[PDB]
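> Pasting an experimental structure with its sequence.
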Amino acid sequence: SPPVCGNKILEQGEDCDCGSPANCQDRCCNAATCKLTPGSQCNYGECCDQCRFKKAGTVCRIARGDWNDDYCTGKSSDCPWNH
């Protein structure tokens, strides 16, 4: 699944796109923008939860025990170990 904006593949650095703006069957992902539609923050990823990123502080990972603890940032679908 290469990076094609307008192919229904969230690969073309879109983070939310549909094959065709007219057939965009993703209320959370818009092709015309190749990004999360207005109102949604997530769509795919660890931080993604209900088309909305997990409020910063939501533990989603762990390095190797419990020091810094991996926590969401409520800004992306990624969860940094916090290291």
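Thanks, I have the structure now. Residues are numbered from 1 along each chain as shown.

> Quick one: the strands in this protein, in order.
29-30, 35-36, 48-49, 52-53, 59-61, 70-71 (DSSP state E).

> Determine how far the fifth one lies from the middle of the whole chain.
So that's strand 59-61. With CA atoms, centre = their mean, to the nearest Å as the basis, strand 59-61 stands 15 Å off its chain's centre.

> Then stretch 49-68?
14 Å.

> Report the buried residues of it.
49, 51-54, 58, 60 (16 or more other CB atoms under 10 Å). (C-beta placed from N, C-alpha, C; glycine too.)

> And stretch 20-29, by the same measure?
Here stretch 20-29 shows 24, 26, 28-29 as buried, counting by 16+ other CB under 10 Å.

> now for those, which pair is the farthest apart?
24 and 28 (10.3 Å; CB to CB).

> circling back: how about the buried residues of stretch 20-29 in TSV, adding distance to residue 83?
Compiled in TSV, these are given as follows (distance: CB to CB, whole Å):
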residue	distance to residue 83
24	38
26	34
28	30
29	31
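
> if we take those, which one ends up nearest to residue 65?
When these are compared against residue 65 (criterion: CB to CB), the nearest one is residue 28, at 34.6 Å.

> Could you pull up the contacting residues of that closest one?
16, 36-37, 40, 42-43, 51 (CB atoms under 8 Å, 6 or more residues apart in numbering).

> try it again with 10 Å
Contact analysis of residue 28 by CB atoms under 10 Å, 6 or more residues apart in numbering lists 16, 36-37, 39-44, 48, 50-52.
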